[PDB]
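**Q**
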Amino acid sequence: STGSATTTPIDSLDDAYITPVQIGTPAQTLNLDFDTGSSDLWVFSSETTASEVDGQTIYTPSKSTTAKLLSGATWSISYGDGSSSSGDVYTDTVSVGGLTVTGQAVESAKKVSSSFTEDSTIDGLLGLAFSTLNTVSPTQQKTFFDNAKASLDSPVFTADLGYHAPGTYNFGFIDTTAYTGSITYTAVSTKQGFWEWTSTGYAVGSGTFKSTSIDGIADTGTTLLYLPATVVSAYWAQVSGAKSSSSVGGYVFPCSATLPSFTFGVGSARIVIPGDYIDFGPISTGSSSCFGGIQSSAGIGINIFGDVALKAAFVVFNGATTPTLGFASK
Numbered sequence: 001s002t003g004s005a006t007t008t009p010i011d012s013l014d015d016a017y018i019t020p021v022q023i024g025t026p027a028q029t030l031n032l033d034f035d036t037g038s039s040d041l042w043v044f045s046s047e048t049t050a051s052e053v054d055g056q057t058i059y060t061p062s063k064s065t066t067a068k069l070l071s072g073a074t075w076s077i078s079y080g081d082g083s084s085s086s087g088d089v090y091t092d093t094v095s096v097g098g099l100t101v102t103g104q105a106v107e108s109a110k111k112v113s114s115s116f117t118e119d120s121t122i123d124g125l126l127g128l129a130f131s132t133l134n135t136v137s138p139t140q141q142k143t144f145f146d147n148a149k150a151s152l153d154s155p156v157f158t159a160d161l162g163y164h165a166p167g168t169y170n171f172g173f174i175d176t177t178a179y180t181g182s183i184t185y186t187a188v189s190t191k192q193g194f195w196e197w198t199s200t201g202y203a204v205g206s207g208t209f210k211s212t213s214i215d216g217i218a219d220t221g222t223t224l225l226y227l228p229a230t231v232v233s234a235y236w237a238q239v240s241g242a243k244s245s246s247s248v249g250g251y252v253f254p255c256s257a258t259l260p261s262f263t264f265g266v267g268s269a270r271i272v273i274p275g276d277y278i279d280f281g282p283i284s285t286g287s288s289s290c291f292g293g294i295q296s297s298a299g300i301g302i303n304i305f306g307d308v309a310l311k312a313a314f315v316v317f318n319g320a321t322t323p324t325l326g327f328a329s330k
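For the sequence shown, the authors' numbering gives the first residue as 1, with consecutive numbering after it.
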């Protein structure tokens, strides 16, 4: 089997991407944030505290003839950005772009934190990291990809995120028309439950490539690119007027600037992030100070290849017995 679904930016900045997901019988379609940095499929639901719902589409398990309460099961998750949610668990039929899993754990939110409430466009998350990070207790549950794997033509999914445009998540096959040149594969460590890999270095603009190992995670659920302070300082030094602002919470730059590109290494290959991808616009409405898309990972504890990086590539998440990551230009 295979699946193919379009993923759409939630706003003009590409702050996140939503992908339609069918849950239950008859289908209830919810727009979920596919997140390769976490491993819970959770949804706004009929059980969500009413004051914490503001425009989201909800899953109502009582209206699904295939929903079954997973007795005794609860979940609770906290994300790197400080947001959180928690609730109980159903199993139900879940389909993504024509690919169907029966008995998928659907985590029903009873509580969500303010940032979720305030984002009317995201109805929940669909985790695509390794199932070892799944928070369901007392019986840990599998991700959608893990459940689908054996049935897929090939045990892979691909992320093809657009810049200010729709893109695609494919399951079970590699669309050879979706990228240029070849796919370069690189080793993955699953020890922290993430799609963790090591980049071979970076360049700023038309500058020389610096060979240096940068360990990080491929995370579709993080907006920006978070790298070591040394790397990030080197990038923003090439932008007149750029500075790190503690009051704003990172590097800002004059909105009048032309940003240089940023290149990262995947083995001997190179992925180029155009300068425009690194612009996240005014820090507040009307401001001429703009927020940078490359930020320091210092104090996160991990480097994150988020959407800013991933949307410059066609990315293969290879879930073979020994997982690997593949990157191609596009």
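Note that CB positions come from ideal geometry on N, CA and C, so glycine has one too.
How many angstroms separate the CA atom of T177 from the CA atom of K330?
**A** Translated into positions along the sequence shown, residue 177 becomes position 177. Translated into positions along the sequence shown, residue 330 becomes position 330. If I take the Cα positions, the gap works out to 9 Å.
**Q** Once DSSP output is grouped into helix, strand and coil, what is the label at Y235?
**A** Start at 1 with the first residue of the sequence shown, and residue 235 comes out as number 235. Here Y235 sits in helix by DSSP.
**Q** Let me confirm a value: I271 is counted as buried when at least 16 other C-beta atoms fall within 10 Å, else exposed. Which label applies?
**A** Locating residue 271 in the sequence shown gives position 271, counting from the first residue. Per the 10 Å Cβ criterion, buried.
**Q** Is DSSP giving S131 helix, strand or coil here?
**A** What you label residue 131 is simply residue 131 of the sequence shown in a count that begins at 1. If DSSP states are grouped into helix, strand and coil, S131 belongs with the helices.
**Q** If you reduce the DSSP assignment to three classes, tell me which class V308 lands in.
**A** Residue numbering aside, residue 308 sits at position 308 when the sequence shown is read from its first letter. DSSP places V308 in helix when its eight states are reduced to three.
**Q** State the DSSP-derived secondary structure class of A148, mapped to helix, strand or coil.
**A** Taking the sequence shown and counting its residues from 1, the one referred to as residue 148 is at position 148. Note: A148 maps to helix in three-state DSSP.
**Q** How far does the alpha helix (DSSP H) with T117 in it extend, from its first residue to its last?
**A** Along the sequence shown, read from residue 1 onward, the residue named residue 117 stands at position 117. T117 -> alpha helix (DSSP H) spans 114 to 117.
**Q** Could you give the residue range of the beta strand (DSSP E) that holds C290?
**A** Residue numbering aside, residue 290 sits at position 290 when the sequence shown is read from its first letter. Start and end: 289 to 292.
**Q** Measure the CB-CB distance between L128 and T212 and report whether it falls below 7 Å.
**A** Working through the sequence shown from its first residue, we reach residue 128 at position 128. Working through the sequence shown from its first residue, we reach residue 212 at position 212. No.
**Q** Within the same chain, show all residues whose beta-carbon is closer than 6 Å to that of residue 355, passing over the 5 residues directly before and after it, in chain order.
**A** Residue 355 is absent from the model: the chain starts at 1 and stops at 330.
**Q** In angstroms, rounded to a whole number, what distance separates the CA positions of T168 and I23?
**A** Here residue 168 refers to the residue found at position 168 of the sequence shown. Here residue 23 refers to the residue found at position 23 of the sequence shown. The straight-line gap from Cα to Cα measures roughly 19 Å.
**Q** Within the same chain, show all residues whose beta-carbon is closer than 8 Å to that of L259, passing over the 5 residues directly before and after it, in chain order.
**A** Position 259 of the sequence shown, counting from 1, holds the residue named residue 259. Closer than 8 Å at the Cβ level, and outside the excluded window around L259, lie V239, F253, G275, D276, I278, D279.
**Q** Quick check on this structure: which residue in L325, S245, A320 has the alpha carbon closest to the alpha carbon of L152?
**A** Counting from one through the sequence shown, the residue named residue 152 turns up at place 152. The option with the nearest alpha carbon to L152 is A320.
**Q** Tell whether a beta-carbon distance below 7 Å holds between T25 and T7.
**A** Locating residue 25 in the sequence shown gives position 25, counting from the first residue. Locating residue 7 in the sequence shown gives position 7, counting from the first residue. Their beta carbons are not under 7 Å apart, which means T25 does not touch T7 by this criterion.
**Q** Taking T285 as the reference, give the member of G98, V156, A312, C255 with the closest Cα.
**A** Residue numbering aside, residue 285 sits at position 285 when the sequence shown is read from its first letter. Residue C255 is the option with its Cα nearest to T285.
**Q** At which residue ranges does the stretch 162 to 230 contain complete beta strand (DSSP E) runs of 3 or more residues, listed in the order of the chain?
**A** The qualifying runs are 167 to 171, 184 to 187, 196 to 204, 210 to 218, 225 to 227.
**Q** I want to know whether the stretch 62 to 72 touches the stretch 118 to 134 - three or more CB-CB distances under 8 Å.
**A** The stretch 62 to 72 is not in contact with the stretch 118 to 134.
**Q** Kindly confirm or deny that the stretch 38 to 55 and the stretch 110 to 127 touch, where touching means at least three C-beta pairs closer than 8 Å.
**A** Touching, yes, given that three or more Cβ pairs across the two stretches are closer than 8 Å.
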